[PDB]
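*Asks:* Build me a model:
(4 chains, ligands or ions: 11)
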Amino acid sequence: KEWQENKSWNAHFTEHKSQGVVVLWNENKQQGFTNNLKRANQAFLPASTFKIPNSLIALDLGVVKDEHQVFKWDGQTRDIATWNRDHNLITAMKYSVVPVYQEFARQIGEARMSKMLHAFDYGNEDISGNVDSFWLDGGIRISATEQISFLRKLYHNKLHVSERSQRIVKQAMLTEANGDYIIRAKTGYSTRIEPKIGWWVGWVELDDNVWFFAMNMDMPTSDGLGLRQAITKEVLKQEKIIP
Amino acid sequence: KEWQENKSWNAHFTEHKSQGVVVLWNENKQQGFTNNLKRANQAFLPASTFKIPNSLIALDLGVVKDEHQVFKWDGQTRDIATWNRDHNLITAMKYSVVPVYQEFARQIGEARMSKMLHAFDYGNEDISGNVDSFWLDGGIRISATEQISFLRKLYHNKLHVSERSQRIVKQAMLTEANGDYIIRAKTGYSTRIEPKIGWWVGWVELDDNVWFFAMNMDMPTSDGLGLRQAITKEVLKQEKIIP
Amino acid sequence: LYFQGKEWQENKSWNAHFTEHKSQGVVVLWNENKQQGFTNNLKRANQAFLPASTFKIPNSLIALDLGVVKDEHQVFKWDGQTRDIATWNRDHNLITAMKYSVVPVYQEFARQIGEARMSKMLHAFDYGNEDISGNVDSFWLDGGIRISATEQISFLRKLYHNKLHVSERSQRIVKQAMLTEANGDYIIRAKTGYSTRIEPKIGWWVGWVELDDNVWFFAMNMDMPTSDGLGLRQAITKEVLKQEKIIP
Amino acid sequence: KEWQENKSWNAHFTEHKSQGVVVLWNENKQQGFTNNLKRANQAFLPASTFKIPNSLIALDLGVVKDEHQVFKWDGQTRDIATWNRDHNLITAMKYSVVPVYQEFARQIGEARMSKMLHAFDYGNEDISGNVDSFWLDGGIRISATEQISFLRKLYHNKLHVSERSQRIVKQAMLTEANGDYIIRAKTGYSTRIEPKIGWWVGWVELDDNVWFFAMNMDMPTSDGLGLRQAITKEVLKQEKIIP
Ligand SMILES: C[C@@H](O)[C@@H](C(=O)O)[C@H]1CC(SCCNC=N)=C(C(=O)O)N1
Ligand SMILES: C[C@@H](O)[C@@H](C(=O)O)[C@H]1CC(SCCNC=N)=C(C(=O)O)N1
Ligand SMILES: C[C@@H](O)[C@@H](C(=O)O)[C@H]1CC(SCCNC=N)=C(C(=O)O)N1
Ligand SMILES: [Br-]
Ligand SMILES: [Br-]
Ligand SMILES: [Br-]
Ligand SMILES: [Br-]
Ligand SMILES: [Br-]
Ligand SMILES: [Br-]
Ligand SMILES: [Br-]
Ligand SMILES: [Br-]
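*Replies:* Residues are numbered from 1 along each chain as shown, chains lettered A, B, ... in the order given. Ligands and ions are numbered 1, 2, ... in the order given. And now the structure:
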């Protein structure tokens, strides 16, 4: 059975007075698991999870030369302190530095952005709105199952952009590594249109398998942001994917 | 003297654990009063105070036919419940309905928007960024002192746009009226660049004088938004402008 | 509750608001969206009285349309004659003249308009019985002109919709000058009147309540033997508006 | 000052009843630090640290097609349980799977192995001994300072192999990652020729700097192997490189 619902994971959302969805994909078995098949297939603004395709396109087009190229702060103080400095691709993805990616999107332009998202089969492929803000308050929407389909292509270097572009973005996605697992992932927090949601999408590399994941959860305030990773890890532990 | 600093108004900011400026202009005496000349001249994003020039331009170019024309809710559920309904110019200005004004700005377009703000001598006249979001996160900046200069021209029908455009916007600015005074004004809340500030700009019509006002204050959360009107009214009452 | 399709529905319960103040009169309401009227007294709702200072609305419109008044800033110099109402004994503009019901300013407008244009304009406006018989500068106080509360509403609806046979500008300036009350829940544009020259002495308040998604037109009059009860015009109207859930 | 001696670091060695050297290189400042200048320049058998150059050569010559290619266990039960199974480049590096790298070395051959170590300026460049064991019991010798020189070239993609080969080996070196730092490194344990020593070589990636490191310590028994990483992290902590 390709897709199975496991409502026992709702206890992790309940425990934290939260509502949301975790989707897992066992790459070896080609099987999916979620607490909520309906919500797994509901589309939301990608917010900063869009930094994964945006990075790939920026690299492929040479808007980003490499992961060391410096993107100057515009000197506007914003409310995430780590944003108010020069960045490279690694630090811009680590700290979700929106203004750096807004500059990439302007240099990419609407025609190339649209073509690339169609070829990626990325969400509804709709860039309507401002080319520098559409993933925040424009027409683009993606479901957790659609995030998994896209991430599997990236994992296997199967996107049409260069192998090099794909390797550099996976390096930039690096979030955690230890003796048991590697996590490559991207957070997002969509606030400009309801419902306000938190994302975490990516994969867990084990010695002998890869588990893809995409989660979103209701996030009425920034107070709950750490629950994005905390709830995913509680599900990964329950399923014995990580110790 | 054209400008005088009255630091006693700081008592009103301090009582509300707040920081900001109130600027008053006595039209009859051509004299200004502020608690803080320095902050009175600091330029900030106008945010929803931009709905005053945006309304004028939209009416002058016929983007808005009249104050009854209905602008249909686009069906995207947003944060402010009153935005999720149809609006005319009157209700759109009352509830600060951004999406309505974003549509006005797109129809106006960057060339006419830029030229109109130059004719108005409006703040730094800089519309850099997205034509539909520059007053939220683009290049435009205006100080409390510069808001007064603009509002005086609107009050006297001295802006280059039609008298009709000016009359309809002043109708739309109506905020409060009783047997003692009329307030025409517009709130704003700038959150996308630091420092987050609240605005209230407009004027008090008396039988035999007009007092222009422009106030802004630090607004780290939405909890303090009522302080924009409350602190301004404390100053107006101290100065015997209103009971 | 009320019935659909009905033109005018009587609600005698509002008489309680008059009786409380040892008074009697009529409130008429018109729901613009629903095209339905309500009154405590179907007979008095339709009784035609001298308009007295409510005439300042059409008088204002005609004076502006003909250029007798240039704009709402033009100063009308006090003629030097000390009258009973202190607020009349000073310079006025259209805004302050309408707020303080400054009869002498409007008498001067009426003489400049003159009988032929005043008559033509009231016919174009379908205003009350359209009769200006009497002194060109006092007919709305002691001449032949008569208007009911329902006819005040008819006229006011045309003004609200800029449908009177004068410039849009004239209509916008007069609606500005009618501004009486505003807050985050409602706006009232209205004009008071006090007919004292011909019995029975009555008080008026006519205008409308602007809501986000509707307009409620109103016209009230009440017996007013002395100026002591003039504040009851607004007070009783607000009791009715509160009862009908039009204002909180 | 090219190299500074900091003997206060010896406290990390004595607290662990151990003797050895840590060498750090601050890439931004082009300055080195060590607890023992003379041992920093002492050349030892590289043992499994040789897996870094061997991986690069194997990739560039196509012995390894990519990091997914499976290297079938030869069926020989060996002392380290994790070696008794199939491996790819990632797991062969993680578990230091000598037999996989011995097969790489036979496929590379003496002539190409020699030319590549000359091209890399690697240690004494001397491969004399068994083509499949010279890094364990042959003539090759490298100091901690020479490990850092070699690693700086790999970090900057300056070795005379392709950018792709360098990017794949740096992926395979991934050891630890969190919100504070990333460590790419390789352990070694030289037991075949006295003196028995342990290695750890690699670097710490920070947001704004890279700290290269090479440590070796006396290792009479396998009981102290965890001290390779533990003593290095005690130094990084003392220098405020990691929290
Ligand atoms: C809020 C929005 O800018 C968000 C996004 O684009 O998804 C940024 C800010 C954040 S969380 C900071 C909280 N800010 C709330 N406005 C992240 C993240 O953690 O990935 N990305
Ligand atoms: C938030 C921003 O759009 C702001 C503006 O553009 O000035 C909106 C929201 C608000 S306050 C509503 C509560 N805050 C939500 N951001 C107002 C205002 O009062 O003028 N306008
Ligand atoms: C009395 C008459 O002039 C009257 C009118 O024209 O309607 C004036 C006086 C007044 S109230 C003054 C009370 N004394 C009246 N004699 C008003 C009003 O309330 O609109 N207007
Ligand atoms: Br392409
Ligand atoms: Br590559
Ligand atoms: Br990596
Ligand atoms: Br056009
Ligand atoms: Br001016
Ligand atoms: Br007009
Ligand atoms: Br008005
Ligand atoms: Br080892």
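*Asks:* Show me what stretch A:108-123 is in contact with.
*Replies:* Applying CB atoms under 8 Å, 6 or more residues apart in numbering or on different chains, the external contacts of stretch A:108-123 come out as A:43, A:46, A:53-54, A:56-58, A:60-61, A:63, A:105, A:125, A:127, A:131, A:140-143, A:146, A:149-150, A:153, A:159-161. For the C-beta atoms, the positions are set from N, CA and C on the backbone; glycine is no exception.
*Asks:* let me fix that: stretch A:58-70
*Replies:* Contacts of stretch A:58-70 (CB under 8 Å, 6+ apart): A:55, A:57, A:86-90, A:104, A:107-108, A:112, A:116, A:161-162, A:164-165, A:168-169, A:171-172.
*Asks:* Could I get the buried residue list for that stretch?
*Replies:* By 16 or more other CB atoms under 10 Å in any protein chain shown, the buried positions in stretch A:58-70 come out as A:58-61, A:63-64, A:67.
*Asks:* Keep only those of those that are in helices.
*Replies:* The members of these that map onto helices under DSSP state H are A:58-60.
*Asks:* hang on, the earlier thing: would you list the buried entries among the contacts of stretch A:108-123?
*Replies:* The buried subset of the contacts of stretch A:108-123 - by 16+ other CB under 10 Å - is A:46, A:53-54, A:56-58, A:60-61, A:63, A:105, A:125, A:127, A:131, A:140-143, A:146, A:149-150, A:159, A:161.
*Asks:* Please narrow the residues you listed to those residing in helices.
*Replies:* Under the assignment DSSP H, the buried ones among the contacts of stretch A:108-123 contribute A:53-54, A:56-58, A:60, A:105, A:146, A:149-150 to helices.
*Asks:* farthest pair in these?
*Replies:* Checked with CB to CB, these reach their widest spread between A:105 and A:149, with 22.5 Å between them.
*Asks:* Please name the nearest non-neighbouring residue to the most centrally placed residue in chain A.
*Replies:* What sits nearest the mean C-alpha location of chain A, by CA atoms, centre = their mean, is residue A:49, with 3.1 Å. Closest residue to residue A:49 apart from its sequence neighbours, by CB to CB, 6 or more residues apart in numbering or on different chains: residue A:188 at 4.1 Å.
*Asks:* so that neighbour touches residue A:93, yeah?
*Replies:* No. The criterion here is CB atoms under 8 Å, and residue A:188 misses it with residue A:93 at 11.6 Å.
*Asks:* How about the contacts made by the residue nearest to residue A:49?
*Replies:* Neighbours of residue A:188 in contact, by CB under 8 Å, 6+ apart: A:46-50, A:96, A:198-201.
*Asks:* circling back to that earlier point, are any of the contacts of stretch A:58-70 buried, and if so which?
*Replies:* Neighbour-count burial within those applies to A:55, A:57, A:87-90, A:104, A:108, A:116, A:161, A:165, A:168-169, A:171-172; the criterion is 16+ other CB under 10 Å.
*Asks:* Stretch A:142-150 close to ligand 1?
*Replies:* No. Stretch A:142-150 stays clear of ligand 1 (CB under 6 Å from any ligand atom), getting no nearer than 12.8 Å.
*Asks:* about what we covered before: and the buried ones among the contacts of stretch A:58-70, which is closest to residue D:2?
*Replies:* Among these, and counting by CB to CB, the member closest to residue D:2 is residue A:88, at 27.5 Å.
*Asks:* how far does the helix or strand hosting residue A:113 sit from the chain's center?
*Replies:* For residue A:113, the host element (DSSP states H and E) is helix A:110-120. Taking CA atoms, centre = their mean, to the nearest Å, one finds the center of helix A:110-120 at 18 Å from the center of the full chain.
*Asks:* Any chance you could list what contacts the following helix or strand past it?
*Replies:* Counting by DSSP H and E, the element after helix A:110-120 in chain order, helix or strand, is helix A:134-137. Residues external to helix A:134-137 that are found in contact with it (CB under 8 Å, 6+ apart): A:45-47, A:50, A:54, A:98, A:105, A:126-129, A:140, A:190, A:192-193.
*Asks:* For the closest residue to ligand 9 within chain A, give its distance to residue B:104.
*Replies:* Proximity of chain A to ligand 9 (CB to the ion) peaks at residue A:130, 35.2 Å away. To residue B:104, residue A:130 is 16 Å away according to CB to CB, to the nearest Å.
*Asks:* List the residues that contact the nearest residue to residue A:60 once chain neighbours are set aside.
*Replies:* What sits nearest to residue A:60 in space, not counting adjacent residues and going by CB to CB, 6+ apart, is residue A:161, at 3.8 Å. Residue A:161 is in contact with A:56-57, A:59-60, A:116, counting by CB under 8 Å, 6+ apart.
*Asks:* now residue A:184
*Replies:* Contacts of residue A:184 by CB under 8 Å, 6+ apart are A:170, A:173-175, A:202-203, A:205.
*Asks:* Now neighbour count too, for these, in TSV please.
*Replies:* What follows is the contacts of residue A:184, written out as TSV (neighbours: other CB atoms under 10 Å in any protein chain shown):
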residue	neighbour count
A:170	21
A:173	22
A:174	20
A:175	18
A:202	29
A:203	25
A:205	18
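*Asks:* Just the ones of these in strands?
*Replies:* Among these, DSSP state E puts A:174-175, A:202-203, A:205 in strands.
*Asks:* which one among those gets closest to residue D:80?
*Replies:* residue A:205 (21.8 Å).
*Asks:* Who does that closest one form a beta bridge with?
*Replies:* residue A:182, residue A:210 (DSSP bridges).
*Asks:* wait, it sits on residue A:185?
*Replies:* No. With contact defined as CB under 8 Å, residue A:205 does not reach residue A:185; the gap is 11.0 Å.
*Asks:* Let's see stretch A:146-163 as PDB, backbone CA atoms only.
*Replies:* Backbone C-alpha positions of stretch A:146-163 (Å, rounded to 0.1, in the frame of the first residue of the first chain) are rendered in PDB as follows:
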ATOM      1  CA  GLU A 146       4.300  17.700  -3.400                       C
ATOM      2  CA  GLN A 147       7.300  18.900  -1.300                       C
ATOM      3  CA  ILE A 148       8.300  15.100  -0.900                       C
ATOM      4  CA  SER A 149       8.100  14.500  -4.800                       C
ATOM      5  CA  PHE A 150      10.300  17.600  -5.400                       C
ATOM      6  CA  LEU A 151      12.900  16.700  -2.700                       C
ATOM      7  CA  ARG A 152      13.200  13.100  -4.000                       C
ATOM      8  CA  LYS A 153      14.200  14.500  -7.500                       C
ATOM      9  CA  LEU A 154      16.800  16.800  -5.800                       C
ATOM     10  CA  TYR A 155      18.200  13.800  -3.700                       C
ATOM     11  CA  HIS A 156      18.700  11.700  -6.900                       C
ATOM     12  CA  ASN A 157      20.100  14.700  -9.000                       C
ATOM     13  CA  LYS A 158      17.100  14.200 -11.300                       C
ATOM     14  CA  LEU A 159      16.200  17.900 -11.700                       C
ATOM     15  CA  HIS A 160      17.200  19.400 -15.100                       C
ATOM     16  CA  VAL A 161      19.600  21.900 -13.600                       C
ATOM     17  CA  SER A 162      23.400  20.900 -13.300                       C
ATOM     18  CA  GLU A 163      24.500  18.100 -11.000                       C
END
